[PDB]
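Reproduced below: upload.cif, with mmCIF, C-alpha atoms and all ligand atoms.
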data_entry
loop_
_atom_site.label_atom_id
_atom_site.label_comp_id
_atom_site.auth_asym_id
_atom_site.auth_seq_id
_atom_site.Cartn_x
_atom_site.Cartn_y
_atom_site.Cartn_z
CA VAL A 62 27.69 -0.48 9.36
CA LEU A 63 24.61 0.18 7.06
CA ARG A 64 25.99 3.24 5.22
CA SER A 65 26.63 4.52 1.67
CA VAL A 66 29.80 3.61 -0.22
CA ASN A 67 31.76 6.74 -1.24
CA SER A 68 32.23 5.60 -4.90
CA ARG A 69 32.10 9.14 -6.42
CA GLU A 70 30.45 7.32 -9.44
CA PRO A 71 27.37 9.27 -10.66
CA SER A 72 24.12 7.37 -10.97
CA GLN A 73 21.02 9.15 -12.36
CA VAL A 74 17.87 7.89 -10.49
CA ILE A 75 14.08 8.47 -10.93
CA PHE A 76 12.14 8.27 -7.64
CA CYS A 77 8.64 7.09 -8.62
CA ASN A 78 6.01 7.50 -5.89
CA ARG A 79 3.31 4.86 -6.76
CA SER A 80 1.78 5.22 -3.28
CA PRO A 81 -1.09 7.42 -1.88
CA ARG A 82 1.42 8.78 0.70
CA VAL A 83 3.66 11.85 0.75
CA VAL A 84 7.10 10.19 0.49
CA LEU A 85 10.21 11.15 2.43
CA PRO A 86 13.37 9.87 0.67
CA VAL A 87 16.15 9.10 3.19
CA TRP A 88 19.83 8.85 2.23
CA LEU A 89 22.17 6.95 4.57
CA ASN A 90 25.32 9.07 4.57
CA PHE A 91 28.97 7.91 4.84
CA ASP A 92 28.62 7.75 8.68
CA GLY A 93 25.36 5.77 8.49
CA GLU A 94 23.31 8.86 9.49
CA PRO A 95 19.83 9.15 7.91
CA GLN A 96 19.70 12.28 5.74
CA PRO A 97 16.16 13.42 4.71
CA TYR A 98 15.64 14.72 1.13
CA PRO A 99 12.71 16.82 -0.37
CA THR A 100 9.31 15.09 -0.10
CA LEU A 101 7.46 13.51 -3.06
CA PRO A 102 3.67 14.16 -3.29
CA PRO A 103 1.49 11.02 -3.98
CA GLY A 104 1.43 10.36 -7.76
CA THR A 105 4.69 12.07 -8.67
CA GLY A 106 8.23 11.34 -9.77
CA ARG A 107 11.63 13.00 -9.36
CA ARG A 108 14.92 12.86 -11.23
CA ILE A 109 17.81 12.76 -8.78
CA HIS A 110 21.57 12.72 -9.18
CA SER A 111 22.89 10.01 -6.90
CA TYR A 112 25.92 7.71 -6.85
CA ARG A 113 26.71 4.02 -7.29
CA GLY A 114 26.60 2.14 -3.95
CA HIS A 115 24.57 4.84 -2.16
CA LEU A 116 21.87 3.67 0.32
CA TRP A 117 18.27 4.94 0.21
CA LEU A 118 15.09 4.17 2.09
CA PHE A 119 11.58 5.69 1.86
CA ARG A 120 9.13 6.56 4.59
CA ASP A 121 5.69 8.31 4.77
CA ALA A 122 6.79 11.99 5.41
CA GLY A 123 4.20 12.69 8.12
CA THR A 124 4.03 9.42 10.13
CA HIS A 125 7.32 7.69 9.19
CA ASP A 126 5.50 4.48 8.14
CA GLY A 127 7.84 2.22 6.15
CA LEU A 128 7.44 1.96 2.38
CA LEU A 129 8.83 -0.39 -0.25
CA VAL A 130 11.15 0.47 -3.11
CA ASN A 131 11.44 -2.05 -5.97
CA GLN A 132 9.67 -4.60 -3.63
CA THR A 133 12.36 -4.30 -0.90
CA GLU A 134 13.36 -1.95 1.98
CA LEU A 135 16.60 -0.52 0.59
CA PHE A 136 17.42 1.03 -2.77
CA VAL A 137 21.03 0.99 -4.00
CA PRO A 138 21.69 3.03 -7.24
CA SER A 139 23.51 0.78 -9.72
CA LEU A 140 25.39 1.37 -13.05
CA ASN A 141 23.34 3.25 -15.71
CA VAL A 142 23.12 0.90 -18.73
CA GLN A 145 19.84 5.42 -18.92
CA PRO A 146 18.31 6.30 -15.41
CA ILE A 147 17.54 3.69 -12.70
CA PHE A 148 13.87 3.50 -11.72
CA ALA A 149 13.01 3.56 -7.94
CA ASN A 150 9.40 2.35 -7.72
CA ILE A 151 8.10 3.40 -4.31
CA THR A 152 4.91 1.60 -3.22
CA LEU A 153 2.91 0.76 -0.12
CA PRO A 154 3.80 -2.60 1.45
CA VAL A 155 0.97 -5.01 2.33
CA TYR A 156 0.87 -3.90 6.03
CA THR A 157 -0.47 -6.42 8.58
CA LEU A 158 -4.07 -5.67 9.67
CA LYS A 159 -2.65 -4.74 13.16
CA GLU A 160 -0.05 -2.25 11.81
CA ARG A 161 -2.72 -0.75 9.45
CA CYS A 162 -5.12 -0.29 12.44
CA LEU A 163 -2.38 1.32 14.58
CA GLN A 164 -1.68 3.80 11.68
CA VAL A 165 -5.40 4.81 11.56
CA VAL A 166 -5.80 5.03 15.37
CA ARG A 167 -2.51 7.12 15.60
CA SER A 168 -3.83 9.46 12.84
CA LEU A 169 -7.00 10.16 14.91
CA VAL A 170 -5.74 10.20 18.53
CA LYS A 171 -3.17 12.64 20.04
CA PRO A 172 -0.34 10.68 21.81
CA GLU A 173 -1.37 12.20 25.23
CA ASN A 174 -4.74 10.45 24.81
CA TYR A 175 -3.60 6.87 23.83
CA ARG A 176 -3.98 5.95 27.58
CA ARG A 177 -7.69 7.09 27.45
CA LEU A 178 -8.68 4.32 24.92
CA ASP A 179 -10.50 1.19 26.27
CA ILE A 180 -8.03 -1.48 24.98
CA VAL A 181 -5.50 -3.97 26.49
CA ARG A 182 -2.28 -2.46 28.01
CA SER A 183 -0.05 -4.11 25.33
CA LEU A 184 -1.90 -2.00 22.66
CA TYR A 185 -1.04 1.36 24.42
CA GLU A 186 2.64 0.32 24.11
CA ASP A 187 2.16 -0.72 20.43
CA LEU A 188 0.55 2.69 19.65
CA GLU A 189 3.40 4.55 21.45
CA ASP A 190 6.00 2.44 19.52
CA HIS A 191 5.63 4.68 16.40
CA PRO A 192 7.54 3.67 13.18
CA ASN A 193 11.10 5.11 13.30
CA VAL A 194 14.06 5.10 10.83
CA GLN A 195 16.60 4.63 13.72
CA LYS A 196 14.79 1.54 15.15
CA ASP A 197 14.38 0.17 11.53
CA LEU A 198 18.17 0.55 11.03
CA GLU A 199 18.61 -2.86 12.88
CA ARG A 200 19.63 -4.54 10.37
CA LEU A 201 21.36 -6.88 11.74
CA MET B 1 -10.12 -10.02 -14.88
CA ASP B 2 -11.05 -11.10 -11.36
CA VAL B 3 -14.03 -9.63 -9.57
CA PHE B 4 -14.39 -9.81 -5.77
CA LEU B 5 -17.78 -10.44 -4.25
CA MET B 6 -19.95 -10.86 -1.14
CA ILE B 7 -22.94 -13.19 -1.81
CA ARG B 8 -25.47 -12.29 0.90
CA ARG B 9 -28.70 -13.83 2.17
CA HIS B 10 -30.21 -13.12 5.62
CA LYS B 11 -27.24 -13.57 8.06
CA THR B 12 -25.03 -15.47 5.51
CA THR B 13 -22.11 -13.83 3.61
CA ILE B 14 -19.93 -15.73 1.07
CA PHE B 15 -16.60 -14.07 0.17
CA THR B 16 -15.55 -15.29 -3.30
CA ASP B 17 -13.95 -14.15 -6.56
CA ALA B 18 -14.93 -14.88 -10.14
CA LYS B 19 -13.96 -13.79 -13.65
CA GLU B 20 -15.68 -10.73 -15.21
CA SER B 21 -16.45 -13.06 -18.21
CA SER B 22 -18.06 -15.76 -16.00
CA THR B 23 -21.89 -15.99 -15.92
CA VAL B 24 -24.61 -15.52 -13.28
CA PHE B 25 -25.33 -19.27 -13.67
CA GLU B 26 -21.65 -20.15 -12.99
CA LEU B 27 -21.90 -18.06 -9.74
CA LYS B 28 -25.05 -20.10 -8.80
CA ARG B 29 -22.91 -23.30 -9.25
CA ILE B 30 -20.38 -21.78 -6.77
CA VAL B 31 -23.25 -21.10 -4.25
CA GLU B 32 -24.43 -24.71 -4.84
CA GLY B 33 -21.04 -26.19 -3.79
CA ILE B 34 -21.10 -24.13 -0.56
CA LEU B 35 -24.83 -23.90 0.50
CA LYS B 36 -25.98 -27.21 -1.10
CA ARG B 37 -28.93 -25.65 -3.01
CA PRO B 38 -29.26 -26.14 -6.82
CA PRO B 39 -29.21 -23.10 -9.21
CA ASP B 40 -32.99 -23.49 -9.96
CA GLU B 41 -33.64 -22.93 -6.19
CA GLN B 42 -31.59 -19.68 -6.34
CA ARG B 43 -32.17 -16.06 -7.41
CA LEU B 44 -29.22 -13.62 -7.72
CA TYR B 45 -29.60 -9.81 -7.44
CA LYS B 46 -27.61 -6.59 -7.95
CA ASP B 47 -29.39 -4.29 -5.44
CA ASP B 48 -33.13 -4.96 -6.16
CA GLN B 49 -32.55 -6.12 -9.75
CA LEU B 50 -32.89 -9.85 -10.51
CA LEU B 51 -29.91 -11.10 -12.59
CA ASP B 52 -30.37 -13.24 -15.72
CA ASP B 53 -28.46 -16.60 -15.86
CA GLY B 54 -26.73 -16.23 -19.26
CA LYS B 55 -25.42 -12.75 -18.43
CA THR B 56 -21.72 -12.26 -17.55
CA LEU B 57 -20.75 -10.61 -14.24
CA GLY B 58 -19.25 -7.69 -16.21
CA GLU B 59 -22.63 -7.18 -18.03
CA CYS B 60 -24.32 -7.25 -14.58
CA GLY B 61 -22.02 -4.40 -13.45
CA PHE B 62 -19.38 -6.40 -11.52
CA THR B 63 -16.13 -4.94 -12.85
CA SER B 64 -12.57 -4.81 -11.54
CA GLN B 65 -13.17 -1.11 -10.86
CA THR B 66 -16.16 -1.81 -8.53
CA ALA B 67 -15.68 -5.34 -7.22
CA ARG B 68 -12.30 -4.96 -5.42
CA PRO B 69 -10.55 -7.26 -2.84
CA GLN B 70 -10.66 -4.56 -0.09
CA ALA B 71 -14.20 -3.38 -1.09
CA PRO B 72 -16.11 -6.32 -2.67
CA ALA B 73 -19.42 -5.95 -4.54
CA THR B 74 -22.62 -7.34 -3.00
CA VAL B 75 -24.68 -10.03 -4.75
CA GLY B 76 -28.08 -10.67 -3.14
CA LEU B 77 -29.28 -14.29 -2.86
CA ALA B 78 -32.86 -15.65 -2.46
CA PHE B 79 -33.86 -19.33 -2.07
CA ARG B 80 -37.11 -21.01 -3.13
CA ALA B 81 -38.88 -22.95 -0.33
CA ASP B 82 -40.91 -25.25 -2.75
CA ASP B 83 -42.57 -23.51 -5.11
CA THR B 84 -42.57 -19.73 -4.29
CA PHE B 85 -39.31 -17.78 -3.96
CA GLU B 86 -38.78 -15.92 -0.68
CA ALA B 87 -38.36 -12.12 -0.94
CA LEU B 88 -34.76 -10.85 -1.17
CA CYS B 89 -33.68 -10.02 2.40
CA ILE B 90 -30.19 -9.17 3.68
CA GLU B 91 -29.61 -8.66 7.40
CA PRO B 92 -27.42 -5.53 7.86
CA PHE B 93 -24.15 -5.76 9.79
CA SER B 94 -23.98 -4.45 13.40
CA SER B 95 -23.75 -0.70 14.05
CA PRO B 96 -20.31 0.66 15.09
CA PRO B 97 -20.40 2.46 18.49
CA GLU B 98 -20.25 6.28 18.79
CA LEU B 99 -16.69 7.56 18.08
CA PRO B 100 -14.91 8.06 21.47
CA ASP B 101 -14.41 11.72 22.62
CA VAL B 102 -10.75 11.38 21.55
CA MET B 103 -11.04 10.58 17.78
CA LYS B 104 -13.41 13.50 17.05
CA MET C 17 -12.85 -25.71 0.18
CA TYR C 18 -14.50 -23.24 2.64
CA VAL C 19 -14.67 -22.31 6.34
CA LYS C 20 -17.35 -20.50 8.35
CA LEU C 21 -16.50 -17.55 10.65
CA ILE C 22 -19.41 -16.57 12.95
CA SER C 23 -19.67 -13.10 14.51
CA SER C 24 -20.80 -12.30 18.12
CA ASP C 25 -24.16 -11.18 16.62
CA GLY C 26 -24.72 -14.37 14.53
CA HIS C 27 -23.57 -13.30 11.02
CA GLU C 28 -21.92 -16.21 9.18
CA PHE C 29 -18.97 -15.41 6.90
CA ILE C 30 -17.94 -18.13 4.47
CA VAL C 31 -14.36 -17.68 3.20
CA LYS C 32 -11.83 -19.89 1.34
CA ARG C 33 -9.88 -22.13 3.80
CA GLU C 34 -6.53 -20.76 2.39
CA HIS C 35 -7.66 -17.14 3.02
CA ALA C 36 -8.61 -17.90 6.69
CA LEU C 37 -5.29 -19.77 7.28
CA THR C 38 -3.60 -16.29 6.92
CA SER C 39 -4.54 -15.89 10.64
CA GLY C 40 -2.41 -18.13 12.89
CA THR C 41 -5.11 -17.88 15.60
CA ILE C 42 -7.81 -19.11 13.11
CA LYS C 43 -5.47 -21.90 11.87
CA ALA C 44 -5.24 -23.02 15.59
CA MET C 45 -9.02 -22.64 16.19
CA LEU C 46 -9.95 -24.93 13.25
CA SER C 47 -7.56 -27.76 14.31
CA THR C 57 -14.91 -28.33 12.73
CA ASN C 58 -15.04 -26.01 9.68
CA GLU C 59 -16.79 -23.38 11.83
CA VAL C 60 -15.23 -20.82 14.23
CA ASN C 61 -17.39 -18.73 16.64
CA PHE C 62 -16.11 -15.28 17.68
CA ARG C 63 -18.07 -14.35 20.85
CA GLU C 64 -16.24 -10.97 20.97
CA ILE C 65 -16.05 -9.89 17.29
CA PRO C 66 -19.17 -8.15 15.89
CA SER C 67 -20.14 -8.46 12.16
CA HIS C 68 -19.11 -4.86 11.23
CA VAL C 69 -15.56 -5.88 12.34
CA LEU C 70 -15.46 -9.55 11.05
CA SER C 71 -16.64 -8.50 7.55
CA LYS C 72 -13.57 -6.16 7.38
CA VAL C 73 -11.23 -8.98 8.62
CA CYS C 74 -12.54 -11.16 5.69
CA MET C 75 -11.88 -8.25 3.22
CA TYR C 76 -8.32 -8.07 4.66
CA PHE C 77 -7.77 -11.84 3.93
CA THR C 78 -8.80 -11.30 0.24
CA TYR C 79 -6.71 -8.05 0.03
CA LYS C 80 -3.63 -9.83 1.56
CA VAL C 81 -3.87 -12.90 -0.74
CA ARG C 82 -4.43 -10.64 -3.82
CA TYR C 83 -1.55 -8.18 -3.15
CA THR C 84 1.18 -10.28 -1.41
CA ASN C 85 4.25 -10.61 -3.77
CA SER C 86 2.50 -8.57 -6.53
CA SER C 87 5.15 -6.12 -8.07
CA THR C 88 2.33 -3.85 -9.52
CA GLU C 89 0.54 -1.10 -7.51
CA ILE C 90 -0.96 -1.95 -4.09
CA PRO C 91 -3.88 0.28 -2.95
CA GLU C 92 -4.44 1.41 0.67
CA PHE C 93 -6.46 -0.96 2.84
CA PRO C 94 -9.34 1.34 4.00
CA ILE C 95 -10.53 1.56 7.62
CA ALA C 96 -13.39 3.91 8.61
CA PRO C 97 -12.56 5.82 11.85
CA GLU C 98 -15.69 4.31 13.56
CA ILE C 99 -14.36 0.73 13.04
CA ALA C 100 -10.66 1.39 13.84
CA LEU C 101 -10.66 0.65 17.62
CA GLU C 102 -12.59 -2.61 17.41
CA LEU C 103 -10.72 -3.76 14.26
CA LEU C 104 -7.43 -3.06 16.07
CA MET C 105 -8.54 -5.30 19.04
CA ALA C 106 -9.57 -8.16 16.70
CA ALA C 107 -6.29 -7.81 14.64
CA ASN C 108 -4.28 -7.91 17.87
CA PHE C 109 -6.11 -11.14 19.00
CA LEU C 110 -5.97 -12.89 15.59
CA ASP C 111 -2.35 -11.72 14.90
CA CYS C 112 -3.65 -10.45 11.46
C1 LIG A 301 21.74 16.17 -5.45
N1 LIG A 301 22.30 14.88 -5.17
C2 LIG A 301 22.68 14.46 -3.84
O1 LIG A 301 22.56 15.21 -2.87
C3 LIG A 301 23.24 13.08 -3.66
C4 LIG A 301 22.17 12.13 -3.30
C5 LIG A 301 22.90 11.16 -2.47
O2 LIG A 301 23.45 10.19 -3.30
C6 LIG A 301 23.99 11.91 -1.78
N2 LIG A 301 24.31 13.01 -2.68
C7 LIG A 301 25.50 13.87 -2.63
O3 LIG A 301 25.62 14.73 -3.50
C8 LIG A 301 26.59 13.70 -1.56
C9 LIG A 301 27.82 13.12 -2.21
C10 LIG A 301 28.71 13.79 -3.07
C11 LIG A 301 29.69 12.85 -3.50
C12 LIG A 301 30.84 13.10 -4.40
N3 LIG A 301 29.36 11.65 -2.92
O4 LIG A 301 28.22 11.86 -2.19
#
Same coordinates, now as structure tokens:
Amino acid sequence: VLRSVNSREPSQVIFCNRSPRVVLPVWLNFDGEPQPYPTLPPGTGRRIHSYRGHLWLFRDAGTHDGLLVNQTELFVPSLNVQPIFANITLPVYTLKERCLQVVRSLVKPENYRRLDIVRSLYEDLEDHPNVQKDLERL
Amino acid sequence: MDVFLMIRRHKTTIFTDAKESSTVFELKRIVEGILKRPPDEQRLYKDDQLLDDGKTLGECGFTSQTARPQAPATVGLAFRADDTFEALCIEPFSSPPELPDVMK
Amino acid sequence: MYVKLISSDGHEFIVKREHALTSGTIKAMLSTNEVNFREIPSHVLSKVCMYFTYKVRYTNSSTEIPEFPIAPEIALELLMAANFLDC
């Protein structure tokens, strides 16, 4: 359902990483399958040849944390009036999600069950961000 | 330009923002509205340095670069009992526990 | 106006009412301009208050949002407070 339109209409795009994260650009192919593209280091940009109606999303390359592009989740290349700017930024994560990111970055998944915290938190830590789960949408 | 602060005295912390162009006196009027103590019964500090009333927050070193929402700058506050100002004293926050075996 | 958030160790944090209302749990606790947190120490509660300012400053901003920093030593306890407050 959430997939790229096969328009065959070229659209020049600039991916601008305005985040402190290494960015993984993800293209949703014609079958709705997430296709990863080369990573973007923190303060860098990239010119990419894309197409009108194509669907893109951006995640942190190492942890898969969700990022924003032009203040929303999905980027759709439009008609070049020249190139379309894709401003990738950190969202304002909730304090809980931000904490889970830090705890996950320090503790190996085998050891989440060794932390002195409520049971519901072990499940929240194990429920890592994921493109597939995010694809609902809906 | 907004500057983000922590006004601290003993075990009291006020989280507030002000303009870089606003004065030390204007900050004392903010403290007045909250703590109910007039500006003449107040002394403001940047570390151990007493701040002059007519000086702007920017001139006192509170800039957008250093007085951020996620990392606000500390302003020390001292009250006068009568007569005689009390020494500047800020109670430190609690100590975090030792990092658990799995985090190090 | 302002509200007072008191830590388990007696530190009193005075924040703007609008900033504290960001927490649904706090909003419920005030509905009496003081909230006592018998389980949240000051090194955690001070960071919660920085989060409120960070959230209000950067929500619907369009510019560049910086990372909200969390020292590894504070992470576990901040996570537990965030989970309780639904921050
Ligand atoms: C170097 N550029 C790319 O890989 C872009 C990015 C994305 O739009 C899919 N894509 C393709 O070429 C795949 C494709 C060809 C045609 C024709 N329609 O789609």
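Take atom CA of residue 187 of chain A and atom CA of residue 173 of chain A: the distance between them is 14.2 Å.
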Coordinates of box centre and edge lengths for ligand LIG 301 (chain A), 3 Å on every side, axis-aligned, as AutoDock Vina command-line options:
--center_x 26.3 --center_y 13.2 --center_z -3.5 --size_x 15.1 --size_y 12.0 --size_z 9.9
Neighbourhood of ligand LIG 301 (chain A) at 6 Å, counting all atoms listed in the file, reported as an MDAnalysis selection string: chainID A and resid 67 69 110:112 115
Written selection (C-alpha atoms) as an mmCIF file, keeping the file's coordinate frame:
data_model
loop_
_atom_site.group_PDB
_atom_site.id
_atom_site.type_symbol
_atom_site.label_atom_id
_atom_site.label_comp_id
_atom_site.auth_asym_id
_atom_site.auth_seq_id
_atom_site.Cartn_x
_atom_site.Cartn_y
_atom_site.Cartn_z
ATOM 1 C CA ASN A 67 31.760 6.740 -1.240
ATOM 2 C CA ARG A 69 32.100 9.140 -6.420
ATOM 3 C CA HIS A 110 21.570 12.720 -9.180
ATOM 4 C CA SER A 111 22.890 10.010 -6.900
ATOM 5 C CA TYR A 112 25.920 7.710 -6.850
ATOM 6 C CA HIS A 115 24.570 4.840 -2.160
#
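Nearest residue to chain A among B:13, B:70, B:21, B:65 is B:70, counting only C-alpha atoms.
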Contacts of segment 74-81 of chain A within 8 Å, all atoms listed in the file, excl. fewer than 5 positions in-chain, as a ChimeraX atom specification: /A:101-111,138,146-153 /C:89-92
Who sits within 8 Å of residue 106 of chain C, all atoms listed in the file, same chain under 4 positions skipped, as number ranges by chain: C: 65, 69, 102, 110
Emit the selected residues as an mmCIF file, in the coordinates of the input, including C-alpha atoms.
data_model
loop_
_atom_site.group_PDB
_atom_site.id
_atom_site.type_symbol
_atom_site.label_atom_id
_atom_site.label_comp_id
_atom_site.auth_asym_id
_atom_site.auth_seq_id
_atom_site.Cartn_x
_atom_site.Cartn_y
_atom_site.Cartn_z
ATOM 1 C CA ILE C 65 -16.050 -9.890 17.290
ATOM 2 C CA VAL C 69 -15.560 -5.880 12.340
ATOM 3 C CA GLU C 102 -12.590 -2.610 17.410
ATOM 4 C CA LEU C 110 -5.970 -12.890 15.590
#
Chain B residues near chain A (9 Å cut-off, only C-alpha atoms) as a ChimeraX atom specification: /B:100,102-104
List every residue of chain C that has an atom at most 10 Å from any atom of chain B, and for each one report the closest atom pair and its distance in Å to one decimal, counting all atoms listed in the file, with rows sorted by chain and then by increasing residue number, as CSV.
residue,atom,partner,partner_atom,distance
C:17,CA,B:34,CA,8.4
C:18,CA,B:34,CA,7.4
C:19,CA,B:34,CA,9.6
C:20,CA,B:14,CA,9.1
C:21,CA,B:13,CA,9.7
C:22,CA,B:12,CA,9.4
C:23,CA,B:94,CA,9.7
C:24,CA,B:94,CA,9.7
C:25,CA,B:94,CA,7.5
C:26,CA,B:11,CA,7.0
C:27,CA,B:11,CA,4.7
C:28,CA,B:12,CA,4.9
C:29,CA,B:13,CA,4.8
C:30,CA,B:14,CA,4.6
C:31,CA,B:15,CA,5.2
C:32,CA,B:16,CA,7.5
C:35,CA,B:15,CA,9.9
C:66,CA,B:94,CA,6.6
C:67,CA,B:93,CA,5.4
C:68,CA,B:93,CA,5.3
C:69,CA,B:96,CA,8.5
C:70,CA,B:93,CA,9.6
C:71,CA,B:93,CA,8.3
C:72,CA,B:70,CA,8.2
C:73,CA,B:70,CA,9.8
C:74,CA,B:15,CA,7.4
C:75,CA,B:70,CA,5.1
C:76,CA,B:70,CA,6.4
C:77,CA,B:69,CA,8.6
C:78,CA,B:69,CA,5.4
C:79,CA,B:69,CA,4.9
C:80,CA,B:69,CA,8.6
C:81,CA,B:69,CA,9.0
C:82,CA,B:69,CA,7.1
C:83,CA,B:69,CA,9.1
C:91,CA,B:70,CA,8.8
C:92,CA,B:70,CA,8.7
C:93,CA,B:70,CA,6.3
C:94,CA,B:70,CA,7.3
C:95,CA,B:70,CA,9.8
C:97,CA,B:99,CA,7.7
C:98,CA,B:99,CA,5.7
C:99,CA,B:96,CA,6.3
C:100,CA,B:99,CA,9.6
C:101,CA,B:99,CA,9.2
C:102,CA,B:96,CA,8.7
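Here atom CA of residue 176 of chain A is placed at a distance of 22.2 Å from atom CA of residue 123 of chain A.
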Residues near segment 189-196 of chain A, cut-off 8 Å, only C-alpha atoms, skip fewer than 5 positions along chain, as a count of residues only: 7
I'd like a table as CSV: residues in chain C with an atom no more than 6 Å from chain A, each row giving the shortest atom pair and its distance in Å to one decimal, all atoms listed in the file counted, sorted by chain and rising residue number.
residue,atom,partner,partner_atom,distance
C:100,CA,A:162,CA,6.0
C:104,CA,A:162,CA,5.1
C:107,CA,A:159,CA,5.0
C:108,CA,A:159,CA,5.9
C:112,CA,A:158,CA,5.1
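Residues in contact range of residue 24 of chain B, defined as at most 7 Å between only C-alpha atoms, with sequence neighbours fewer than 2 positions away removed, read residues 26, 27, 28, 51, 52, 53, 54, 55, 56 and 57 of chain B.
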Preceding selection exported with C-alpha atoms as a PDB file, in the coordinates of the input:
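Writing the result to again27.pdb gives the following:
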ATOM      1  CA  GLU B  26     -21.650 -20.150 -12.990  1.00  0.00           C
ATOM      2  CA  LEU B  27     -21.900 -18.060  -9.740  1.00  0.00           C
ATOM      3  CA  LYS B  28     -25.050 -20.100  -8.800  1.00  0.00           C
ATOM      4  CA  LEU B  51     -29.910 -11.100 -12.590  1.00  0.00           C
ATOM      5  CA  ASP B  52     -30.370 -13.240 -15.720  1.00  0.00           C
ATOM      6  CA  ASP B  53     -28.460 -16.600 -15.860  1.00  0.00           C
ATOM      7  CA  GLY B  54     -26.730 -16.230 -19.260  1.00  0.00           C
ATOM      8  CA  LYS B  55     -25.420 -12.750 -18.430  1.00  0.00           C
ATOM      9  CA  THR B  56     -21.720 -12.260 -17.550  1.00  0.00           C
ATOM     10  CA  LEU B  57     -20.750 -10.610 -14.240  1.00  0.00           C
TER      11      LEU B  57
END
Near-residue 200 of chain A list (10 Å; only C-alpha atoms; drop same-chain fewer than 2 positions) as a PyMOL selection string: chain A and resi 62-63+196-198
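Atom CA of residue 113 of chain A lies 22.6 Å from atom CA of residue 201 of chain A.
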